[PDB]
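As a starting point, one isolated chain is supplied in structure tokens, in the form deposited in one PDB entry.
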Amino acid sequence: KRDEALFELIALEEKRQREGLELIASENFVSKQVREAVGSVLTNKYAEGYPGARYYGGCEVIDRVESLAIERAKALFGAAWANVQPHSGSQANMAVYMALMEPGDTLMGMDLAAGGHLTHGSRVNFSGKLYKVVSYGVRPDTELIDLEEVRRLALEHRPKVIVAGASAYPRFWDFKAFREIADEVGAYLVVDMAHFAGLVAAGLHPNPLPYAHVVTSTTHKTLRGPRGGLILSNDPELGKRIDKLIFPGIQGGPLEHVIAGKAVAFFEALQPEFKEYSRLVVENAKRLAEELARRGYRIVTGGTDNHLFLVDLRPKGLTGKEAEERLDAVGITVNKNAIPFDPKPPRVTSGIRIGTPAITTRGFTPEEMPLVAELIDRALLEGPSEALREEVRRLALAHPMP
């Protein structure tokens, strides 16, 4: 008996995705073959352990799948070791923290208010419950990270681990300077590249591998793969330690159907067409930010080096919460985000975060960004209307999903 109610919902969700403009920076649209792998019979196999050293019979083929994912990840990113088993970015970070630190140790990471991830030290998160968290942020005048403030905090608090990488930072990271600071205090440098991993793979963002002790990531977001986590390093000895924290430390059976999907995503990212896609992602984001600046918004840091940017809404007297709702009502999804010099509180904010990976996957090009900018502006100033919702729909339907 088919579950009609459930599949009626899936068809509605497919329609919602086709007919809207997805501008949330951490979203993307996976290919059909990534979905085919994730929907495969590989979910039926228990395969605890690692290739050639499993706790169950029958893993001969699974071992070739997981080894293929590992070797492709190492070739794509220039790594000496990889672990493709983390269920999510959260589990990847948790395993690294538990391998390098003991409860009570100090963790330094980017403040949630300035763009950090929950996993970089939130007190509601495991990172803030097991460890002592010290946070860094951005300067109000530069709207950028201050490496001298980072170093000062590191010398004063002596973290065991310093995390670089964030969720809403629109400029390049200086991984070399972060590693120098870490070395000065004897800390490990962990880079969480989840947001910009696809740009690293395409050569459009500095690669953290050579400077970090360990690199964590999701396989979704700019890498355009299935939902899951990833760990990389140039140190196989440290990798062996982390392998043990993933299993038997924090996980049980790996999701080998999702790992097959990671293998597919790494194959796609190794093709030359991926570099072109990634170039367009960054060109779209720079062009869309410029077009909104021309229409009266201020762009934080004045622009972006990557796939996302932050819009200061104060010139138009809007809060991030109101802009979110007005845009959601016409099928444009963004999220509110604090700006560095923000007069409003966290639940309201004076900004929004926009990202181009998902619309770029649907074939949007830089010459269409003026039109996207005008729809956003109209929705913010005129508010939601049926005519505007129909224009978004038409535009969206004219750009196919994978």
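Start at 1 and count along the sequence shown; that's the residue number. By rigid core we mean the largest C-alpha set that fits within 1.5 Å across both forms.
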Mean Cα B-factor comparison, 18-26 or 379-387, giving the higher one as deposited = 379-387
request  = Using the B-factors recorded in the PDB entry, average over the C-alpha atoms of 229-237 and of 133-141, then report which stretch comes out higher.
outcome  = 133-141
ask   = For the listed 350, 67, 356, 44, which has the peak Cα B-factor recorded in the PDB entry?
value = 350
message = Just to confirm, going by the entry's C-alpha B-factors, which of 313, 250, 187, 259 comes out highest?
response = 187
query = If you rank every modelled residue in this chain by C-alpha B factor, which third holds residue 365: lowest, middle or highest?
reply = highest
key: Ranked C-alpha temperature factor of residue 36 among modelled chain residues, by third   = lowest
inquiry  = By the recorded C-alpha temperature factor, relative to the other modelled residues in its chain, which third is residue 182 in?
reply    = middle
ask   = Among the chain's modelled residues, which third holds the C-alpha B-factor of residue 61?
value = lowest
inquiry  = When the deposited Cα B-factors of this chain's modelled residues are ordered and cut into thirds, is residue 102 in the lowest, the middle or the highest one?
reply    = highest
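A second form of this protein, the form deposited in another entry, is not displayed here; the remarks below concern that form.
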inquiry  = Out of 368, 342, 48, 377, I need the residue that shifts by 2 angstroms or more at the Cα between the shown form and the other one, core superposed.
reply    = 342
